[PDB]
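This report refers to the structure that appears directly beneath it.
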Number of protein chains: 2
Amino acid sequence: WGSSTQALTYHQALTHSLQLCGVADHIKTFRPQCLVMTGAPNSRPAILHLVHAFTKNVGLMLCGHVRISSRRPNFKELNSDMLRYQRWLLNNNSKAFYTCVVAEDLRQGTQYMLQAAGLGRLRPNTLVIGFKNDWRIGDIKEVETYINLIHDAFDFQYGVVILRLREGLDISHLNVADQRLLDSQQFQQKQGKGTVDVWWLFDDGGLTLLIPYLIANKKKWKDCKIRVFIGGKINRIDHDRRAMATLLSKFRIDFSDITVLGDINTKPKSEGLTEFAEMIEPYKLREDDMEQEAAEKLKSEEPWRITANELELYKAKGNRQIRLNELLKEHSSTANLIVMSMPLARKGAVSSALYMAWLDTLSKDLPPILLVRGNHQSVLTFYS
Amino acid sequence: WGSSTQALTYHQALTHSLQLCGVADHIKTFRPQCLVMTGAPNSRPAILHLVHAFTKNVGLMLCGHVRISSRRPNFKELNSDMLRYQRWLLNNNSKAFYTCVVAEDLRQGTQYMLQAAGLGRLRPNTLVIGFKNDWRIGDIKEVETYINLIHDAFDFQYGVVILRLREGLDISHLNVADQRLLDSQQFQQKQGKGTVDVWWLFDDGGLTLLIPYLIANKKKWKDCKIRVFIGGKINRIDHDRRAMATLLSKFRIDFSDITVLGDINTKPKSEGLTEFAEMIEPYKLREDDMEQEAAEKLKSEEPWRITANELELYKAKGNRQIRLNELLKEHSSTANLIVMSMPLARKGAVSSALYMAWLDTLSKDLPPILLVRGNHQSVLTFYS
């Protein structure tokens with residue numbers, strides 16, 4: 001490497017950061033930035049390749065890696081695990097940075113990269129993580145770190161994206177594992193003709209239409225149709241489609257159709273509640289919160305006499321996701337992605353084992369779904 | 001502000017960060033970066049103006065601000081407290097970034113900005129903080145956050161700089177306060193003719209000679225002499241001065257003299273130990289560590305029967321700083337700075353109230369001293 005100009009690239013990268021740090025207060029744009037939670041980037045490579053498709057030439061991608069290590073943190077060899085993985089990101093045709101922290105669990109490890117990552121205006125706007133698939137198989141303790149991470153991303157006014165494949169995301173290893181490897185390398189190459197359909201179901205979503213626009217204007221996805229689905233009113237159908245058409249003309253998405261539905265939060269048809277109730281069977285008044293669990297004994301000895309957190313106050317919130325799953329299946333069977341609004345419940349009043357339980361009944365048997373929710377701060381400022 | 005090219009400065013600042021992130025694995029320079037612990041930057045302005053003198057055109061300066069707020073963290077208005085203070089850094093002729101965190105104390109607040117600040121190779125190399133002046137007046141509890149911050153900067157292989165003025169650093173408000181005001185605005189303007197003398201007293205120091213070189217090659221300091229002081233051997237004096245002269249020729253400092261001393265860790269002259277012992281008078285076996293304090297009762301009821309942490313194992317460590325203080329006074333009375341090696345004690349074996357007690361006996365009545373200690377990783381790679 002015959003480069004004697006590296007000292008000119010240091011000051012070039014530093015005065016342009018001071019260039020970007022100083023601009024007009026009212027000239028602010030959106031510029032979608034994101035920290036991706038990949039772990040070690042040679043593992044989880046679908047979450048690199050998908051979040052390369054948006055945030056390419058238009059934002060920055062930060063590959064976070066919290067090293068869970070309760071004992072013996074080895075900081076001095078870790079710099080050799082910084083430059084190695086960054087060279088792995090550079091030898092592949094990637095435009096990502098890489099910051100690794102050390103903590104004792106996943107939540108407080110990524111707390112550091114929420115309120116301290118980046119410099120200047122090069123800060124992560126959103127947080128994109130993978131979906132915890134094995135949340136019911138064991139150790140329901142450490143679901144409390146994952147959901148209280150989601151609630152903490154919504155506290156810092158971040159946008160949250162959750163990616164879920166039907167199989168797993170991680171690769172750290174035969175023909176049952178052949179299902180893992182090709183279907184993880186499914187986004188960077190070889191995209192045929194199909195459909196990327198969205199489900200606009202929240203008014204203050206924002207980002208959830210910008211993401212399918214940016215991913216369909218790419219080299220691999222321009223033979224793919226954006227089918228906006230929407231639940232709205234019941235009586236007038238022509239003009240609610242018109243009301244969505246003007247907004248979609250603002251986002252210049254160039255859709256195929258805006259289908260209006262009228263059977264949301266009506267009828268779960270007595271099918272999935274038999275599966276949803278046995279899903280939360282070992283959590284019914286065993287919802288994971290040690291303090292609440294200990295606390296009940298000052299009011300009752302049989303705990304299953306109150307259902308206010310459980311079902312008594314959230315009837316149609318629970319019944320909506322079970323209604324939405326068959327609507328996802330009978331209309332988006334063979335799609336490439338599903339960009340779906342993400343259900344957000346309020347902290348404290350709702351349990352973490354119920355809030356997690358809604359997020360997989362919504363995404364039981366699907367293509368690579370994307371549960372997305374913006375911060376409703378401002379969007380469409382992007383492209384003026 | 002008629003700027004329609006801001007979108008060209010975003011991608012210009014981002015591809016040059018990818019330029020700097022990809023270089024040869026052997027080519028890397030030193031490039032002194034630092035996070036300064038200023039608090040709100042309109043307060044503590046000497047620690048902006050001094051750390052502007054080095055890390056100008058040659059490194060980055062990051063102005064950290066941990067917002068101690070145990071209750072009610074207000075994240076949504078805090079972005080208006082980000083752009084306001086960054087505009088305050090930009091309207092002054094500064095080249096600094098600014099990241100603000102929220103925590104419940106000072107230590108875990110700046111833990112976030114140690115292992116998660118910056119992107120790529122634009123990470124803070126060192127940590128520069130101010131000296132806690134009012135450590136004996138009240139609440140010896142919260143000295144444990146300051147010293148366990150110092151020990152944590154030395155755990156991440158950071159360099160540590162501690163700046164101490166004879167008066168305070170903070171400005172948040174008459175003629176007793178007129179001493180604060182002008183003497184805090186003493187570094188940016190109006191530097192006359194004088195001396196910036198260093199005390200090379202540690203072999204694996206490193207940075208402690210690079211800092212007085214970079215600050216004396218500036219617009220305000222080039223009528224100032226660098227007088228290297230050094231403690232070394234006793235018998236040969238001409239050739240230890242020669243052995244320092246070759247190293248100083250490598251650092252191209254262009255000094256005035258290399259004075260060799262021979263009365264370090266010999267004789268504190270029975271003067272300051274009367275003041276040092278009454279300094280640690282309410283801490284003698286009351287050294288602040290609640291667990292150790294509770295623990296003693298399994299071995300004794302009168303705690304003052306063991307002196308191993310206190311004086312019995314650290315005779316000449318304590319007597320060295322009291323020896324060094326009169327050497328600082330009889331030789332560096334009227335100087336502009338004192339760049340002095342920083343005493344580092346091992347964690348756990350030494351108390352935090354003793355380690356703090358050495359850091360102010362070394363710096364009792366001085367000019368703006370600078371207690372500096374490198375990470376001994378590599379230095380002099382800078383300027384090839």
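We label chains A, B, ... in the order they appear in the structure tokens, count residues from 1 in each chain, and number ligands from 1 in the order shown.
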
Taking 2 positions as the minimum chain separation for residues in the same chain, which residues sit within 9 Å of residue 380 (chain B) when counting only C-alpha atoms? Answer as an MDAnalysis selection string. chainID B and resid 29:30 206:207 210 250:251 378 382:384

For residue 218 (chain B), please output as a PDB file with C-alpha atoms, in the first residue's frame all residues within 10 Å (counting only C-alpha atoms; exclusion window: fewer than 5 positions along the same chain).
```pdb
ATOM      1  CA  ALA B  53      -3.874  24.876  21.841  1.00  0.00           C
ATOM      2  CA  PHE B  54      -2.941  21.304  21.256  1.00  0.00           C
ATOM      3  CA  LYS B  56      -5.630  22.117  16.603  1.00  0.00           C
ATOM      4  CA  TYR B 213       5.718  20.487  22.037  1.00  0.00           C
ATOM      5  CA  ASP B 223       7.992  33.362  23.163  1.00  0.00           C
TER       6      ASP B 223
END
```

Considering only C-alpha atoms, return as a ChimeraX atom specification whatever protein or nucleic-acid residues lie within 12 Å of residue 152 (chain B), sequence-local ones (same chain, fewer than 3 positions apart) excluded. /A:75 /B:107-108,110-115,127,144-149,155-160,346-347

Go through region 61-301 of chain B and collect every residue that DSSP, computed from the backbone, puts in strand (DSSP E); the answer should be as a PyMOL selection string. chain B and resi 61-68+96-103+126-130+159-164+194-200+224-225+228-231+258-261

Extract the full set of alpha helix (DSSP H) residues from region 90-331 of chain B according to DSSP on the backbone, and format it as an MDAnalysis selection string. chainID B and resid 90:91 106:115 144:153 178:184 207:216 238:250 273:279 290:295 315:331

Restricted to C-alpha atoms, what would the selected residues look like written as a short mmCIF file (atom, residue, chain, number, x, y, z; two decimals), in the first residue's frame?
```cif
data_model
loop_
_atom_site.label_atom_id
_atom_site.label_comp_id
_atom_site.auth_asym_id
_atom_site.auth_seq_id
_atom_site.Cartn_x
_atom_site.Cartn_y
_atom_site.Cartn_z
CA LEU B 90 -19.34 27.24 16.26
CA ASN B 91 -19.84 30.96 16.85
CA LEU B 106 -20.71 11.57 36.80
CA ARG B 107 -18.89 8.23 36.48
CA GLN B 108 -21.37 6.02 34.67
CA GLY B 109 -22.34 9.05 32.63
CA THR B 110 -18.88 9.31 31.13
CA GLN B 111 -18.51 5.55 30.88
CA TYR B 112 -20.81 5.82 27.84
CA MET B 113 -18.46 8.27 26.13
CA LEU B 114 -15.41 6.08 26.69
CA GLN B 115 -16.39 2.89 24.87
CA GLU B 144 -15.57 7.68 44.68
CA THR B 145 -17.12 8.49 41.35
CA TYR B 146 -14.21 10.73 40.34
CA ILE B 147 -11.35 8.37 41.23
CA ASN B 148 -13.08 5.30 39.87
CA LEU B 149 -13.43 7.31 36.69
CA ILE B 150 -9.65 7.84 36.62
CA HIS B 151 -9.07 4.13 37.18
CA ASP B 152 -11.51 3.34 34.43
CA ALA B 153 -9.76 5.59 31.94
CA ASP B 178 -13.44 38.97 39.85
CA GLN B 179 -10.54 36.63 40.63
CA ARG B 180 -12.51 33.85 38.92
CA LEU B 181 -13.47 35.70 35.77
CA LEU B 182 -10.30 37.20 34.26
CA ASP B 183 -8.17 34.32 35.50
CA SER B 184 -10.43 31.88 33.66
CA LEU B 207 2.41 11.77 25.57
CA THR B 208 3.86 13.98 28.34
CA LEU B 209 6.49 15.40 25.98
CA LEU B 210 4.22 15.62 22.94
CA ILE B 211 1.81 17.96 24.76
CA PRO B 212 4.36 20.74 25.56
CA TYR B 213 5.72 20.49 22.04
CA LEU B 214 2.32 21.03 20.45
CA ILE B 215 1.31 23.85 22.75
CA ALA B 216 4.55 25.84 22.35
CA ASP B 238 26.80 14.65 31.85
CA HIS B 239 25.74 11.48 30.12
CA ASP B 240 22.22 11.15 31.51
CA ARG B 241 21.71 14.66 30.13
CA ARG B 242 23.16 13.29 26.89
CA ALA B 243 20.77 10.32 27.05
CA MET B 244 17.86 12.69 27.42
CA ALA B 245 19.24 14.97 24.70
CA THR B 246 19.04 12.29 22.00
CA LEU B 247 15.40 11.56 22.90
CA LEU B 248 14.56 15.27 22.94
CA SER B 249 16.18 15.53 19.51
CA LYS B 250 13.71 12.87 18.37
CA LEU B 273 3.70 15.71 56.73
CA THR B 274 2.15 17.79 59.50
CA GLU B 275 -0.24 19.12 56.84
CA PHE B 276 -0.62 15.83 54.97
CA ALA B 277 -1.60 13.89 58.09
CA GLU B 278 -4.27 16.41 59.08
CA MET B 279 -5.48 16.39 55.47
CA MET B 290 -18.51 1.09 52.58
CA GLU B 291 -17.89 -2.65 52.17
CA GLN B 292 -14.37 -2.48 53.67
CA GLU B 293 -15.69 -0.21 56.45
CA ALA B 294 -18.40 -2.69 57.34
CA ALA B 295 -15.97 -5.62 56.93
CA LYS B 315 6.00 5.15 52.76
CA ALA B 316 8.02 6.55 49.89
CA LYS B 317 5.03 6.83 47.56
CA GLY B 318 3.47 9.32 49.94
CA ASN B 319 6.78 10.95 50.78
CA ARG B 320 7.64 11.43 47.10
CA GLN B 321 4.78 13.85 46.40
CA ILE B 322 5.58 15.93 49.47
CA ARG B 323 9.18 15.97 48.28
CA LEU B 324 8.03 16.98 44.79
CA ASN B 325 5.91 19.91 45.93
CA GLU B 326 8.76 22.08 47.22
CA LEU B 327 10.75 21.11 44.15
CA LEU B 328 7.82 22.42 42.10
CA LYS B 329 7.82 25.62 44.11
CA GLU B 330 11.52 26.50 44.35
CA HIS B 331 12.08 25.88 40.62
#
```

Using only C-alpha atoms, which residues sit within 10 Å of residue 368 (chain A) once same-chain residues fewer than 4 positions away are excluded, as a list in words? residues 163, 164, 165, 166, 167, 335, 336, 337, 338, 339 and 363 of chain A

For the residues in the current selection, export N, CA and C atoms as a PDB file, in the first residue's frame.
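So the final result, stored in again-v9.pdb, reads:
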```
ATOM      1  N   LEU A 163     -36.440  -6.876  12.182  1.00  0.00           N
ATOM      2  CA  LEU A 163     -36.459  -7.751  11.020  1.00  0.00           C
ATOM      3  C   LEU A 163     -36.699  -9.179  11.468  1.00  0.00           C
ATOM      4  N   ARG A 164     -37.615  -9.878  10.800  1.00  0.00           N
ATOM      5  CA  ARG A 164     -37.852 -11.275  11.136  1.00  0.00           C
ATOM      6  C   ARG A 164     -37.908 -12.112   9.872  1.00  0.00           C
ATOM      7  N   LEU A 165     -37.039 -13.115   9.813  1.00  0.00           N
ATOM      8  CA  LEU A 165     -37.102 -14.194   8.845  1.00  0.00           C
ATOM      9  C   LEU A 165     -37.831 -15.368   9.483  1.00  0.00           C
ATOM     10  N   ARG A 166     -38.350 -16.263   8.636  1.00  0.00           N
ATOM     11  CA  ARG A 166     -39.052 -17.440   9.142  1.00  0.00           C
ATOM     12  C   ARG A 166     -38.115 -18.382   9.884  1.00  0.00           C
ATOM     13  N   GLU A 167     -36.879 -18.488   9.431  1.00  0.00           N
ATOM     14  CA  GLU A 167     -35.816 -19.170  10.141  1.00  0.00           C
ATOM     15  C   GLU A 167     -34.993 -18.141  10.911  1.00  0.00           C
ATOM     16  N   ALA A 335     -44.692 -12.790  -1.120  1.00  0.00           N
ATOM     17  CA  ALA A 335     -44.149 -11.455  -1.267  1.00  0.00           C
ATOM     18  C   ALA A 335     -42.673 -11.497  -0.917  1.00  0.00           C
ATOM     19  N   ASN A 336     -41.962 -10.435  -1.269  1.00  0.00           N
ATOM     20  CA  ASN A 336     -40.548 -10.402  -0.931  1.00  0.00           C
ATOM     21  C   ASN A 336     -40.339  -9.830   0.463  1.00  0.00           C
ATOM     22  N   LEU A 337     -41.009  -8.732   0.784  1.00  0.00           N
ATOM     23  CA  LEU A 337     -40.997  -8.191   2.129  1.00  0.00           C
ATOM     24  C   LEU A 337     -42.414  -7.841   2.539  1.00  0.00           C
ATOM     25  N   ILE A 338     -42.585  -7.586   3.828  1.00  0.00           N
ATOM     26  CA  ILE A 338     -43.817  -7.035   4.365  1.00  0.00           C
ATOM     27  C   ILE A 338     -43.382  -5.919   5.296  1.00  0.00           C
ATOM     28  N   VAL A 339     -43.638  -4.679   4.901  1.00  0.00           N
ATOM     29  CA  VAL A 339     -43.301  -3.524   5.717  1.00  0.00           C
ATOM     30  C   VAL A 339     -44.554  -3.185   6.514  1.00  0.00           C
ATOM     31  N   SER A 363     -46.425 -12.190  13.314  1.00  0.00           N
ATOM     32  CA  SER A 363     -45.402 -12.586  12.355  1.00  0.00           C
ATOM     33  C   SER A 363     -45.106 -14.075  12.457  1.00  0.00           C
TER      34      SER A 363
END
```
